[PDB]
Amino acid sequence: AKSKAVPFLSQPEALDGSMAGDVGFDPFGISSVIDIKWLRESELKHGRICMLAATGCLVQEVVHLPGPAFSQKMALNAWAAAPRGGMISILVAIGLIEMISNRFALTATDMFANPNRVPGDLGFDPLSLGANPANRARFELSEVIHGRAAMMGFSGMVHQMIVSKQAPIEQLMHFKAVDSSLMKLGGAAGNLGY
Amino acid sequence: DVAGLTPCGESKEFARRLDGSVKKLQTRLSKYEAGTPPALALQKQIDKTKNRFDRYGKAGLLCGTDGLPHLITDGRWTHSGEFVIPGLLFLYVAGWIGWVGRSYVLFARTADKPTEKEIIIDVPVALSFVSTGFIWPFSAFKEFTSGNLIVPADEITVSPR
Amino acid sequence: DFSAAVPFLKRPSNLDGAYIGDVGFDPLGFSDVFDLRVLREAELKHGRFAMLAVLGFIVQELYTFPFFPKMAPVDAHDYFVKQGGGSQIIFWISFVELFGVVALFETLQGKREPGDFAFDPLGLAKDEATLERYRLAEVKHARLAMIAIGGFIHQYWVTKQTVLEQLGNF
Amino acid sequence: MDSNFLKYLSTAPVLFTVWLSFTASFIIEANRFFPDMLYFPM
Amino acid sequence: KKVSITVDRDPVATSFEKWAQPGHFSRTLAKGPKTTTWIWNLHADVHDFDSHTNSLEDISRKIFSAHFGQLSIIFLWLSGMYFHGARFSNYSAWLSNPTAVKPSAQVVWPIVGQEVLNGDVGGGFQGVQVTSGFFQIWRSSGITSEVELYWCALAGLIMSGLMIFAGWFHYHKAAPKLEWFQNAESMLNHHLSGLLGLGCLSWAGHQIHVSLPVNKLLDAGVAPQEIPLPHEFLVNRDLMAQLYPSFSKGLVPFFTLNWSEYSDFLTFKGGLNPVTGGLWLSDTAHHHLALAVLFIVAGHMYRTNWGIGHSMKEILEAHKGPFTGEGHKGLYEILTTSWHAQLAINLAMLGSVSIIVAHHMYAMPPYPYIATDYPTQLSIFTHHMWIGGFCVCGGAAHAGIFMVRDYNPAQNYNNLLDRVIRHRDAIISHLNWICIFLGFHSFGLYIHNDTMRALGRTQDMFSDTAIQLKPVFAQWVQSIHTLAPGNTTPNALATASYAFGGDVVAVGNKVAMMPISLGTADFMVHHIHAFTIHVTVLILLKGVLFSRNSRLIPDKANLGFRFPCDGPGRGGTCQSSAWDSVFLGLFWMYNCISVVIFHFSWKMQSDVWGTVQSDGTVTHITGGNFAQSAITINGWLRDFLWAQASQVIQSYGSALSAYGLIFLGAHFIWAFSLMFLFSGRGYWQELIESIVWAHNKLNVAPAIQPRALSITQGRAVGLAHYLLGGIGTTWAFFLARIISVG
Amino acid sequence: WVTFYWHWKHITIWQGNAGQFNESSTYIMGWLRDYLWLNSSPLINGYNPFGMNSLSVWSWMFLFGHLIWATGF
Ligand code: CLA
Ligand code: CLA
Ligand code: CLA
Ligand code: CLA
Ligand code: CLA
Ligand code: CLA
Ligand code: CLA
Ligand SMILES: CCCCCCCCCCCCCCCC(=O)OC[C@H](COP(=O)(O)OC[C@@H](O)CO)OC(=O)CCCCCCCCCCCCCCC
Ligand SMILES: CC1=C(C#C/C(C)=C/C=C/C(C)=C/C=C/C=C(C)/C=C/C=C(\C)C#CC2=C(C)C[C@@H](O)CC2(C)C)C(C)(C)C[C@H](O)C1
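Going line by line, the protein sequences match chains b, F, c, J, A and B. The opening residue of the first sequence carries number 29 in the authors' numbering; numbering runs sequentially from there. The opening residue of the second sequence carries number 28 in the authors' numbering; numbering runs sequentially from there. The opening residue of the third sequence carries number 43 in the authors' numbering; numbering runs sequentially from there. The opening residue of the fourth sequence carries number 1 in the authors' numbering; numbering runs sequentially from there. Using the authors' numbering, the letters of the fifth sequence map in sequence onto residues 11 to 189, 192 to 754. The opening residue of the sixth sequence carries number 588 in the authors' numbering; numbering runs sequentially from there.
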């Protein structure tokens, strides 16, 4: 009746606890509006992108593909540094992978229409780490939590790069308190523009 | 260059436009003291004007005899960023809006009260539809070839004539 | 029928002892016009802010974190406003308040008590009886603290003395 | 939140006003950060 | 005690359920849309309460709470005007230099280059110049600081919250019964005594204790932050007796009837204050005190609960003579059972009062420094002429709604209404003849002059230098008013207004007011005014008198107030309803008010406003061309519209470029209206059929079947866009012209 | 629209000032002030309180045209 995550709120509907990482944390009631399968597929995919993204920013500073173009320590700087044609090629590769993996089930209306389709289940298991049912639940639990943690970490790492124009590891190695004189929050309305 | 036009970066009339636009702001600035809010407002407007003229000069736009940029829209690729690419962006957005609106009117026909779904919109379903529009070219052409976009002439009411 | 708190005045008719702290004091009559659940949640929220604030005023005079410069608490507001530290506090308070809106809806449906956020980390309230004592006490502390807040904010305005120093002085 | 108040917010004039205010608003913001875009920059 | 308070408790439940059910209020609309007409029908009939409900009680309750909703909106609007003056204005700079700084209380954000609208209004400030005259109001009130403007803004917000609460409370919690609303004697007693009388008395008290000392110090030359706060005048009676020594005697002269002690601050000066060009505030204080006295006296006339007083029914039924049958019998029952009859009267009177306000405020400028702020004088004259014309046409709209709906012949036998309806042919034929006579002999003089000037015959024109049509009666009245001080108003020191004659009042070398001479051009344009007013009366009166039946349609009342026609037979009965005479009379109101505001603008620029150079000579804005050029149509076209549109059309790239854009946009909307006015519904429904076909082809037809607008709605849309475009074109033209040159 | 375009383009060319059409024709205020308003002045001065000339008949026809058109309304 009362959510585990938030006791004063009532437990969200459409959350039965079947999915790993189901803690009843849906205060806004978004689950009622949007089907859980679409939300879980979104959550898992968003998290997987973030897991690679966080690891990538730290790895990009530590390791660079040979050549000046790949040498930028700060990942935001790396965005400009990398050859544009290759980046656009990556964008096309991501699109084609999305197209084949979903089996043309791209839209919210037509995704999950097939009964066997399961949230996040793109049938990607080349080495069959998850083939054993014994370890299936723990793998699912870890993947969902890693994704949530990664999203929080990536948001922090991007914004910390914005506040101080430093790569993530060096900010840990050499720490500067934000002066706060620069980049005051908003203020467009207050000073009547300009 | 094309059609006897001049690149805006070397047009003298473009340069006189930039200079006259800045003198007009500087004479308004000559009536205010340095740190006042009207002085900061006009100095930010002089920076915006100079930035715009600099960007236009280096963009490959062509100026006329009047010193204003002119747009070439005959299809040549050196000028596709003035009509062809904005036009492709528009048609992608417009076809999205049309595909999504059409999907909702077909959904609303199968409703308990079809006309109540159009003055009180089912917002979760309509948001399911707005998300689908990103692949409208493929969905709409497959809709067309599978005989579900176009209805035959004999299921359409017409005037007696 | 007459109100217990004030004998001459009449019992409001929505104040029947349903909510703890009821002494029948509602001369203006807002309880009749508006839902009492909203008002009780507002009373607890206003009181909790005030109870924290009076302690915060006193403690800030007693001890201050070294990194921030020592300032009078009433005038500290302006420094934090420019620094951005005050904006950080507002943002987090607003974020919790967003969940509070959902909780207000839970109260209106009947799933929540007016001021219950299920906060018992230290498990102070062992049983219903001690909780009853605490809820009446919380109401009294909130009401008194709402009076006490502005008690020395207004005194600060008349006399530029720290409330602790002012209490000892004169 | 009340289901009848949400059914009121789903009425055509409310959605039309909110959606076109949101639409007008990100056109305004895009022209604040990226002004004077006479052409697609290419 | 038959006048008593009676209330139903908790009548209507405060629920969001009917919010989710558009159209809940009528049986027709509550079953949902099937064509797009439903959508329009929803908005058209929503505040027509007596069309949804049969009972006068529920109608009255809905009206009372909707009046609280309107008050809540007005208080929010006033609070916003005070807040924009407090926060986004140059008010403080304007107080120091009222003659140099231009008032501005609106600042734009910089987005698409629109920050060019922040022009240099003066006082180290950039913003949109405002013309509502709020700065002069605030100086007359004695505000002197932005802090007091913040407190006025908060008082407005609190009043707005209390009015929206009162509307909710009095509809949903405690709704008065019909017998409460049907207390006309009590309502008049309280609204004369309480509302108007104590309103005037309380304002007189403020003028005496705050406006008079603060404005005496301001006009002496004291800086605004050097002036004592308004309560130090209330307490320190010595400081008040410095400025006005009569205050040394207190209230003993008031109570002992030795009123001539108070002549320091209760004067009868007349004329204008030479420093500010406004009315003496001692005169306004005495004026409001005297008006307060006789509004409180007038609110004791009618009988409520103690036997003293008049019965309004007895007064009405007793006034009957030999020409008028039963007389005013049955009028009390009409005006205490029909809201439309009351709204018809109150709208006609409120519109007339707004027209009087427009004339009296330009001629006797009440506020300090408003007479030489020419954009404000033109703005508030034009604004209150338009409010007056609209409200007068709504008075005839609701007289027609009464006649069609609330009129009952059984209760109106042989009284004044019955007799008007029984000789409406004699009324409408004589009015028709007057409108023809008066268009021929007013506009035909203009055509005679166009022809004579074009033919080279200037000795054959109606002009001052030719055949003269002098306004001798108006000139004679002006003579009497200049002779009145010391003669027929012996204790007055100056004339009521310098428009009648007398001196030139100059403030900051600009003319505040000066005699407005009347000549042949003034004779002609005053008969133009009488012609356009008589024709508007003809259209609206013919709609009211023939609203129920005609020789054409014998049963027009069964079709209603608003119907498009009764078919193409009888030759054609298009636009036969009473609604269609309001529709046609709003065009002629527009014509009338447009000529009035053009006459005012050209005459004031040509003969009143301008600059006073050395030797006392006055150089007017357009140099006295009215006299010899307002006598031809070519003169109005060339020397007024063409010459003075220079500022709107040259405004691009300046702070007045918004007016140039609105000038063009309103020209557009006006022209766009003619698509709806010259067209018919049948064409547009047949065009919509082919568009619907193209939607059926793509399987995207809507379930709410599209319709062409109704015949009445095509007329209403055409009229709305016509008025919006025409008034908007004049609004932009007037404001850019007078901001540049005045 | 056709004859306004033909006439404005030709009077600007015939004056020697084709650049006035070139710059002002791209917005509607250019058509309003530089064609209708600017060229009205010899026409509406065909008669005035200072005399008349041979353009007095067109100056009358101009007003005549405004009257009939509005009477059509
Ligand atoms: C009542 C008359 C009135 C008018 C006409 C204006 C007009 C204006 N004000 Mg002022 N203002 C007023 C009252 C008024 N104000 C009052 C009472 C206050 C005191 C609180 C203020 C305080 C104020 C400030 C502090 C500022 C303004 C500003 C402005 C300007 C821009 C406003 C804007 O774009 O924000 C738009 C803001 C939005 C959030 C957009 C909302 C759009 C939504 C979608 C409208 C929808 C309404 C909704 C659908 C209704 C139905 C409800 C729903 C349940 C169905 C504009 C000149 C600004 C200014 O001048 O800056 C220089 C500014 O900064 N106003
Ligand atoms: C002294 C008594 C009094 C006063 C001041 C008013 C005032 C008003 N009545 Mg009336 N009314 C009265 C007695 C009174 N009424 C009685 C006895 C009846 C029963 C017969 C009615 C029945 C009645 C109806 C049926 C309607 C009104 C309406 C109105 C409003 C008209 C619009 C207007 O000018 O408001 C603007 C002018 C103002 C001055 C705004 C003032 C707002 C408050 C309410 C005024 C009084 C405040 C307070 C007494 C002053 C305190 C002073 C203090 C600071 C010292 C106005 C508020 C109409 C309306 O709009 O309803 C809301 C309406 O439809 N009244
Ligand atoms: C460590 C987090 C983690 C975990 C526990 C899982 C677990 C799972 N995934 Mg997920 N996945 C991940 C990361 C993860 N994946 C990433 C990063 C991507 C791509 C961006 C994906 C993409 C993906 C898809 C598309 C699908 C799955 C599926 C599955 C399920 C079956 C496959 C399996 O058992 O893998 C077991 C996984 C592990 C035991 C951990 C992976 C660690 C590998 C062995 C080493 C990788 C090292 C790497 C190079 C990091 C660099 C180190 C750095 C310091 C430089 C299972 C629940 C399928 C499924 O059933 O969905 C529900 C499915 O359809 N995953
Ligand atoms: C999304 C719904 C939709 C779709 C797919 C179409 C499709 C079409 N319309 Mg129709 N139309 C619509 C809505 C729609 N219309 C509405 C609401 C109106 C009333 C203003 C019209 C008025 C209209 C006219 C007058 C004409 C067309 C024409 C056309 C055709 C050519 C495209 C065109 O001219 O667009 C033109 C579009 C407009 C003029 C108005 C569109 C207004 C908005 C942008 C569309 C509605 C958005 C809607 C609210 C979607 C909400 C979705 C959400 C609930 C999920 C094509 C058959 C033309 C035709 O028959 O040519 C063959 C034609 O002459 N339409
Ligand atoms: C849509 C309606 C509308 C709007 C938007 C405005 C807008 C404006 N009016 Mg106008 N006005 C209107 C209708 C309207 N008026 C009508 C119908 C009347 C006739 C009663 C007037 C009479 C009027 C006067 C007399 C004055 C304005 C003024 C103003 C300006 C300042 C607003 C303000 O603070 O008032 C402030 C108003 C005052 C400080 C004094 C008002 C004194 C009157 C006599 C109060 C009467 C109230 C009473 C209840 C009405 C009884 C009506 C009677 C028939 C029984 C502003 C331009 C003022 C102005 O021009 O300032 C430059 C001004 O002095 N208005
Ligand atoms: C105190 C003033 C007052 C009051 C209370 C009423 C009240 C009423 N009138 Mg009356 N009326 C008034 C003034 C008033 N009117 C005036 C001044 C006029 C002259 C124009 C009329 C002319 C009139 C007619 C001709 C009719 C009414 C009708 C009605 C009734 C229906 C109202 C409705 O549902 O409209 C709903 C409201 C709307 C649809 C609003 C839209 C109206 C315009 C086009 C929008 C405003 C444009 C805006 C101000 C500017 C836009 C800016 C732009 C740049 C975007 C209602 C009893 C009707 C009826 O049948 O009564 C029985 C009717 O036929 N009235
Ligand atoms: C410029 C346009 C124009 C003109 C001239 C008229 C003219 C007239 N309208 Mg119309 N009207 C117009 C626009 C116009 N209207 C528009 C746009 C609307 C839309 C709502 C209406 C709606 C309308 C209504 C609803 C009413 C009128 C009425 C009138 C008449 C007013 C009485 C009058 O002045 O008689 C005098 C005639 C004139 C001033 C016309 C000009 C004549 C001048 C002096 C020259 C005459 C030259 C001479 C005859 C030449 C002879 C020789 C020649 C034959 C060779 C008159 C016939 C009213 C009416 O008929 O009641 C009497 C009436 O009720 N009109
Ligand atoms: C699950 C998703 C989680 C998202 C978490 C977001 C975290 C960051 C959010 C802000 C952190 C604190 C920043 C304070 C920042 C701050 O205080 O700056 C100030 C700025 C206004 O300026 P002021 O009036 O404060 O000027 C200050 C003066 O003192 C000096 O000029 O506030 C805003 O308006 C920003 C918000 C834009 C509002 C529109 C945003 C986009 C709207 C999209 C549609 C509406 C959706 C709902 C929006 C609420
Ligand atoms: C609930 C919850 C928990 C918790 C918690 C917390 C944070 C509890 C904190 C509670 C607090 C801070 C209570 C403070 C009340 C203050 C009052 C009533 C004011 C008194 C002042 C007066 C009367 C005065 C005065 C005066 C004036 C105005 C000015 C002077 O010149 C003079 C004078 C000094 C006389 C925990 C986490 C422990 C777990 C638990 O499971 C659940």
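Yeah, the Cβ is synthetic: ideal placement off N, Cα and C, and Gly gets one too.
Legend entry - Interface residues of chain A facing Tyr8/J [CB-CB closer than 8 angstroms]: For this step, residue 8/J is matched to residue 8 along the fourth sequence. Result: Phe26, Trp29, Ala30.
Legend entry - Partners in chain F for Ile62/b, counting only beta-carbon separations shorter than 9 angstroms: Taking the first residue of the first sequence as position 1, residue 62/b is located at position 34. Simply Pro151, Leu154, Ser155.
Legend entry - Cα-Cα separation, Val200/c to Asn195/A: Taking the third sequence and counting its residues from 1, the one referred to as residue 200/c is at position 158. Taking the fifth sequence and counting its residues from 1, the one referred to as residue 195/A is at position 183. Taking the straight line joining both Cα atoms gives about 53 angstroms.
Legend entry - Contacts of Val122/A in chain J (Cβ-Cβ under 8 angstroms): Sequence index remark: in the fifth sequence, residue 122/A carries index 112 (1-based). Under the 8 angstroms cutoff, chain J gives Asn31, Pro35.
Legend entry - Any C-beta of chain F under 8 angstroms from that of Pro113/A: Here residue 113/A is taken as the residue at index 103 of the fifth sequence, counted from 1. Not closer than 8 angstroms to any Cβ of chain F, the Cβ of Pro113/A fails to qualify, so no.
Legend entry - chain c residues whose Cβ lies nearer than 7 angstroms to that of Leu213/b: To locate residue 213/b, count along the first sequence from 1; it is residue 185. By Cβ distance, chain c contributes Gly126, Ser129.
Legend entry - Shell residues, 5 angstroms Cβ cut-off relative to heavy atoms of ligand 2: Answer in sequence order: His77/A, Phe78/A, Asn195/A, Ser198/A, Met199/A, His202/A, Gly206/A, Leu207/A.
Legend entry - Check: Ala657/B C-beta below 7 angstroms from any heavy atom of ligand 7: One-based indexing of the sixth sequence puts residue 657/B at position 70. Indeed, a heavy atom of ligand 7 lies less than 7 angstroms from the Cβ.
Inset, instruction - Please list the residues of the stretch 596 to 618 of chain B that have a C-beta atom closer than 9 angstroms to any C-beta atom in chain F, keeping them in chain order. - result: Residues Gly606, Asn609, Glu610, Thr613.
Inset, instruction - Evaluate the contact criterion for the stretch 355 to 364 of chain A versus the stretch 709 to 722 of chain A: three or more CB pairs, one atom per stretch, below 8 angstroms. - result: Here the stretch 355 to 364 of chain A makes no contact with the stretch 709 to 722 of chain A; the two share fewer than three CB pairs at distances below 8 angstroms.
Legend entry - Chain-ordered chain b contacts of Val117/A [CB-CB under 8 angstroms]: Along the fifth sequence, one-based indexing puts residue 117/A at 107. Within chain b, the residues near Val117/A are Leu220.
Legend entry - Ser588/A beta carbon less than 8 angstroms from that of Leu552/A: Sequence index remark: in the fifth sequence, residue 552/A carries index 540 (1-based). Sequence index remark: in the fifth sequence, residue 588/A carries index 576 (1-based). For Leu552/A and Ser588/A, no; Cβs fall outside 8 angstroms.
Inset, instruction - State the start and end residues of the unbroken alpha helix (DSSP H) segment that holds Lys65/b. - result: The count along the first sequence starts at 1 and reaches residue 65/b at position 37. Annotation: the continuous alpha helix (DSSP H) that includes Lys65/b extends over 64 to 90.
Inset, instruction - Give me the Cβ distance between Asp68/c and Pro54/c, rounded to the nearest whole Å; I'm assuming they're in contact under 8 angstroms. - result: Counting from 1 along the third sequence, the entry for residue 68/c is found at position 26. Counting from 1 along the third sequence, the entry for residue 54/c is found at position 12. About 4 angstroms separates the beta carbons of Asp68/c and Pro54/c, which is inside the 8 angstroms limit, making them a contact pair.
Legend entry - Three-state secondary structure assigned by DSSP to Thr590/B: Mapped onto the sixth sequence, residue 590/B falls at position 3. Collapsing the DSSP output to three states places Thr590/B in a helix.
Inset, instruction - Work out the CA separation of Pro120/A and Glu29/J for me, nearest whole Å. - result: Here residue 29/J refers to the residue found at position 29 of the fourth sequence. Here residue 120/A refers to the residue found at position 110 of the fifth sequence. Put simply, the backbone Cα of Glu29/J is about 12 angstroms away from that of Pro120/A.
Inset, instruction - Compare the C-beta of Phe203/b with all C-beta atoms of chain c and state if any pair is closer than 8 angstroms. - result: The sequence position of residue 203/b within the first sequence is 175, counting from 1. Not closer than 8 angstroms to any Cβ of chain c, the Cβ of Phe203/b fails to qualify, so no.
Inset, instruction - Give the DSSP-derived three-state secondary structure of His312/A in the structure shown. - result: Position 300 of the fifth sequence, counted from the first residue, corresponds to residue 312/A. In the structure shown, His312/A falls within a coil segment according to DSSP collapsed to helix, strand and coil.
Inset, instruction - On a CA-only basis, which of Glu27/A, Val620/A, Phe266/A, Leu429/A is nearest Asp515/A? Give me that one, please. - result: By 1-based counting over the fifth sequence, the position of residue 515/A is 503. It is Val620/A.
Inset, instruction - Could you list which residues in chain c have their beta carbon closer than 7 angstroms to that of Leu37/b, in chain order? - result: Residue mapping note: residue 37/b aligns to position 9 of the first sequence, counting from 1. In chain order: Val144, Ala145, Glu148.
Inset, instruction - Pick helix, strand or coil for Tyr381/A, following the three-state DSSP scheme. - result: Residue 381/A sits at position 369 when you count from the first residue of the fifth sequence. In this structure, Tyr381/A counts as coil in the three-state DSSP scheme.
Legend entry - Cβ-based neighbour list, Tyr602/A, same chain, cut-off 8 angstroms, excluding 5 preceding and 5 following: In the fifth sequence, the residue the question calls residue 602/A occupies position 590. Apart from sequence neighbours up to five positions away, the residues of its chain that approach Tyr602/A with a beta-carbon distance below 8 angstroms are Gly401, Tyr734, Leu735, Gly738, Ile739, ordered along the chain.
Inset, instruction - Give the secondary structure of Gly737/A by DSSP, where H, G and I count as helix, E and B as strand, and everything else as coil. - result: Looking up residue 737/A in the fifth sequence gives position 725. Shown here, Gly737/A sits in a helix according to DSSP, grouped into three states.
Legend entry - Neighbourhood of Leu355/A by C-beta, 6 angstroms cutoff - its chain only, sequence neighbours within 5 removed: Indexing the fifth sequence from 1 puts residue 355/A at position 343. For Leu355/A, where only same-chain residues beyond five positions count, the Cβ hits under 6 angstroms are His410.
Legend entry - Chain-ordered neighbours of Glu109/F on chain J, where CB pairs are closer than 7 angstroms: Position 82 of the second sequence, counted from the first residue, corresponds to residue 109/F. By Cβ distance, chain J contributes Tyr39.
Inset, instruction - For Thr11/J, go through chain A and note every residue whose CB falls closer than 7 angstroms to its CB, in chain order. - result: Here residue 11/J refers to the residue found at position 11 when the fourth sequence is read from its first residue. The answer, in chain order, is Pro32.
Legend entry - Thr268/A classed as buried or exposed, judged by whether at least 16 other C-beta atoms fall within 10 angstroms: Here residue 268/A refers to the residue found at position 256 of the fifth sequence. By the neighbour-count rule (16 or more Cβ atoms within 10 Å), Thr268/A is not buried but exposed.
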